[PDB]
Chemist: 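To start, I am sharing the structure in question, which I have written as structure tokens.
Naming: A, B, ... by sequence-line order, numbering from 1 per chain. Below, all heavy atoms of this structure are taken into account, side chains as well, without hydrogens, waters or symmetry copies.
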Protein chains: 2
Amino acid sequence: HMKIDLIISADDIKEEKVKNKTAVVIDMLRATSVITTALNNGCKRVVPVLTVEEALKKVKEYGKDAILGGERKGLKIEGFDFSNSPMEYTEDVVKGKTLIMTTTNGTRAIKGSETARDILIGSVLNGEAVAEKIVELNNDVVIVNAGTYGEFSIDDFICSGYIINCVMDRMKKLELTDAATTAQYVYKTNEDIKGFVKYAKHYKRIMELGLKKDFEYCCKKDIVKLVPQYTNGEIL
Amino acid sequence: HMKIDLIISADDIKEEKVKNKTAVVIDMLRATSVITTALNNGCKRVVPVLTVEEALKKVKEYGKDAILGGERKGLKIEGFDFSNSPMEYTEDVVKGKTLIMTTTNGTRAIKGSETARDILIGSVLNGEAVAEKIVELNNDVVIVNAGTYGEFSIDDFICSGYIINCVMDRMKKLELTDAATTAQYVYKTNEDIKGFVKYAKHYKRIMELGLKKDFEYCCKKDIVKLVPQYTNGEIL
Ligand SMILES: O=C(O)[C@@H](O)CS(=O)(=O)O
Ligand SMILES: O=C(O)[C@@H](O)CS(=O)(=O)O
Ligand SMILES: [Mg+2]
Ligand SMILES: [Mg+2]
């Protein structure tokens, strides 16, 4: 029986809960929705980093084809090319390019999962496809919520639940931890997702930044069939 | 506005989330249900410790009036007087006595909350009274779930939700973290408590130990009006 666990934030990752597992990183509003979208639109790779300084250094390494995106406090970073809205990573803008990004939550969670056997990037947009990859990988799972500012966040949690549910649709040989069971419960009783996310503290932040469009987009189910994977510092 | 947070397990306590707050420790199956019951039945004090060796040493300090209780793996510890069933701490057995105890989860969570301004002991049995003490104390709150074996546990989580709900019944000037909001949600949609706890991994453990009686008892609401408090290594 495949085991499924959940970690509630980037500041609550412990190696022993991650190593040798299938880790699924979630930051649905908005980092993993961005990564998922960009790669689906023909982006060559995403390189997540922790600091702006390291991001500017990484540009020089990848040459003409590198672009700078992400955010601090949800805002575009001075001197970057793009922000952290999935809509701005259109095929025209990203095809074949190398996206250097650093974000408030998502990028920390990705780096924090290094010891896993496979690091998958998950979101509402590719939830079904992630569940399918989870089953294929046939290994125990930990769903790593980025949270927001090192705290449990309802958006990442319900999205975990959706994905767990999709895994369950594909098989019965499962054992959930109580954290996973609870996420799945929250999802199962709020399938539309949108409604319940409005209780997240982070939702007020998304609203005061005028990101209603990004919010509605990131709640769309199963529009991306791709499962990005972090490997040796790169996501393809 | 009073802030309410939640910590999901004894292994997830971070000082900065606890210091100077009102901390409410929960291990409803069964340590905090025991402490609550024992003190309500006229027990003089409870002294929680981390090891059996430290427990045997503490007996010598408190003399004739000391008794030994708690558990490992839910079982009575060799040479102890009582186990970790609330029913065995009757008034006849505990009145005026000093209860030295060590348990798998609850006692770790209590010690882990030392830096709080006030450490309260909470359970389903004294949930309402805890909420009343929380309001009186008029300080920000963290609800510290003991969990089981360092993991998020549905029993402690729903019990947190019940208590948060009771605080809400007594006031509107609140700000919940997403973790607290989620617990309250789980409770609010499962008010009877009993039903939903049966999904906890720990429930199977309680059942295979034949503790159906303890389980039904620990799910009883508002039968104890006392709020035990941990102060300088002692609970009164
Ligand atoms: O704090 C924020 O608003 C950011 O985390 C928003 S986002 O990660 O770009 O979605
Ligand atoms: O592992 C266990 O069964 C114990 O934690 C049970 S109890 O804490 O005595 O309720
Ligand atoms: Mg997030
Ligand atoms: Mg417990």
Side-chain angles (χ1 to χ4, degrees), chain B residues 9-11 13 24-59 61-77 79-114 119-126 144-151 153 155-156 159 202-203 205-211 213-215 217-218 224 226 228-236:
Chain B
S9 104
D11 288 326
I13 293 168
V24 177
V25 179
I26 294 164
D27 188 44
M28 59 155 307
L29 286 172
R30 295 165 290 166
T32 54
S33 295
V34 162
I35 291 149
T36 295
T37 296
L39 280 152
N40 191 58
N41 292 344
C43 177
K44 174 154 184 157
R45 69 169 72 82
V46 180
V47 180
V49 303
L50 297 189
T51 72
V52 172
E53 200 206 14
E54 159 86 326
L56 298 170
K57 188 212 196 169
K58 280 314 202 168
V59 160
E61 279 173 42
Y62 293 94
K64 257 157 210 169
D65 290 310
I67 55 177
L68 284 167
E71 51 74 24
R72 289 300 187 253
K73 295 177 147 195
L75 296 170
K76 199 192 184 209
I77 302 157
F80 276 31
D81 298 307
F82 301 107
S83 150
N84 208 49
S85 167
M87 266 77 86
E88 71 202 311
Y89 300 89
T90 68
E91 192 198 324
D92 213 350
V93 161
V94 301
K95 202 208 194 177
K97 286 174 169 283
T98 285
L99 176 54
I100 311 308
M101 44 170 24
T102 181
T103 71
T104 290
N105 304 313
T107 64
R108 303 179 34 237
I110 294 163
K111 297 303 230 153
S113 314
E114 296 227 302
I119 300 93
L120 305 181
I121 302 307
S123 62
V124 184
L125 302 160
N126 72 345
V144 184
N145 294 28
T148 162
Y149 297 106
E151 321 233 307
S153 207
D155 48 345
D156 293 332
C159 184
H202 187 60
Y203 184 71
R205 181 55 183 167
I206 293 305
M207 287 314 89
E208 72 160 322
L209 289 171
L211 304 178
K213 307 256 185 85
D214 287 341
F215 165 73
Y217 171 83
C218 297
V224 172
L226 217 74
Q229 198 155 351
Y230 175 71
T231 303
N232 300 320
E234 260 178 9
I235 308 175
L236 325 161

Chemist: Does the side chain of B:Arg108 come within less than 4.5 Å of B:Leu50's, by heavy atoms?
Modeler: yes
Chemist: Determine whether a donor-acceptor pair (N or O, by modelled atom type, separation under 3.5 Å) exists between the side chain of B:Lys76 and the backbone of B:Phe80.
Modeler: yes
Chemist: For residues B:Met101 and B:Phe82, determine if any side-chain heavy atom of one lies less than 4.5 Å from a side-chain heavy atom of the other.
Modeler: no
Chemist: Any sub-3.5 Å donor-acceptor pair from B:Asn126's side-chain atoms to B:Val224's backbone N or O?
Modeler: no
Chemist: So which atom in B:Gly106 and which in B:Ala31 form the shortest heavy-atom distance, rounded to 0.1 Å?
Modeler: CA-CB, 4.0 Å
Chemist: Report yes if the side chains of B:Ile119 and B:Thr231 come closer than 4.5 Å at any heavy-atom pair, otherwise no.
Modeler: no
Chemist: Within the 3.5 Å criterion, strictly below it, is a donor on B:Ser123 or B:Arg30 matched to an acceptor on the partner's side chain?
Modeler: no
Chemist: Please round to the nearest 0.5 Å and tell me the distance separating atom CE of B:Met28 and atom CG of B:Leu125.
Modeler: 7.5 Å
Chemist: Do we see a donor-acceptor contact under 3.5 Å between the side chains of B:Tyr230 and B:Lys111?
Modeler: yes
Chemist: Is the shortest heavy-atom distance from the side chain of B:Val25 to the side chain of B:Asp27 under 4.5 Å?
Modeler: no
Chemist: What's the spacing between B:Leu226 CG and B:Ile121 CD1 if we round to 0.5 Å?
Modeler: 11.5 Å
Chemist: Applying the side chain to side chain contact (heavy atoms under 4.5 Å, CB included) test to B:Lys58, which of B:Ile100, B:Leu68, B:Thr102 qualifies?
Modeler: B:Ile100
Chemist: Give me the atom names and distance for the closest heavy-atom approach of B:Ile235 to B:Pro228.
Modeler: CG2-CB, 3.5 Å
Chemist: B:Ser113 and B:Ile13: which non-hydrogen atoms are nearest, and at how many Å?
Modeler: OG-CD1, 4.3 Å
Chemist: Check whether the side chains of B:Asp92 and B:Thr90 place a donor and an acceptor atom closer than 3.5 Å, and report yes or no.
Modeler: no
Chemist: Apply the side chain to side chain contact (heavy atoms under 4.5 Å, CB included) test between B:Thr103 and each candidate in B:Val34, B:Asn84, B:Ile110; give the one that qualifies.
Modeler: B:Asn84
Chemist: Can you name the closest pair of heavy atoms from B:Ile67 and B:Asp81 and give their distance?
Modeler: CA-OD2, 3.5 Å
Chemist: Does any non-hydrogen side-chain atom of B:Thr98 lie less than 4.5 Å from one of B:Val47?
Modeler: yes
Chemist: Enter the distance from B:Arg205:CZ to B:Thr104:OG1 here, rounded to the nearest 0.5 Å.
Modeler: 9.0 Å
Chemist: For B:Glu91, what residues pass the side-chain contact (heavy atoms from CB on, under 4.5 Å) criterion, not counting sequence neighbours?
Modeler: B:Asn41, B:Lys95
Chemist: Considering only heavy atoms from C-beta outward, does the side chain of B:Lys97 approach that of B:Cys43 to under 4.5 Å?
Modeler: no
Chemist: Which atom pair, heavy atoms only, marks the closest approach of B:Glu54 to B:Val49?
Modeler: CG-CB, 3.5 Å
Chemist: Got a second to check how far B:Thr148's OG1 is from B:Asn105's CG, nearest 0.5 Å?
Modeler: 4.5 Å
Chemist: Got a second to check how far B:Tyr89's OH is from B:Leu39's CG, nearest 0.5 Å?
Modeler: 11.5 Å
Chemist: Search all heavy atoms of B:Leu99 against all heavy atoms of B:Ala38 and return the closest pair with its distance.
Modeler: CD2-CB, 4.1 Å
Chemist: Only one of B:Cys218, B:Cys159, B:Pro86, B:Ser153 passes side chain to side chain contact (heavy atoms under 4.5 Å, CB included) with B:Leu29; say which it is.
Modeler: B:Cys218
Chemist: Indicate yes or no for a side-chain donor-acceptor contact from B:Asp11 to the backbone of B:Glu151 under 3.5 Å, with no hydrogens or angles considered.
Modeler: no
Chemist: Is there a side-chain contact between B:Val93 and B:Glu88 (heavy atoms, below 4.5 Å)?
Modeler: no
Chemist: Do we see a donor-acceptor contact under 3.5 Å between the side chains of B:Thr37 and B:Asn40?
Modeler: no
Chemist: Could you state the interatomic distance from OG (B:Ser83) to CG (B:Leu211), rounded to the nearest 0.5 Å?
Modeler: 7.5 Å
Chemist: Walk me through whether B:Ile206 and B:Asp214 qualify under side-chain contact (heavy atoms from CB on, under 4.5 Å).
Modeler: CA-CA 9 Å; B:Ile206 293 305; B:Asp214 287 341; 5.8 Å; no
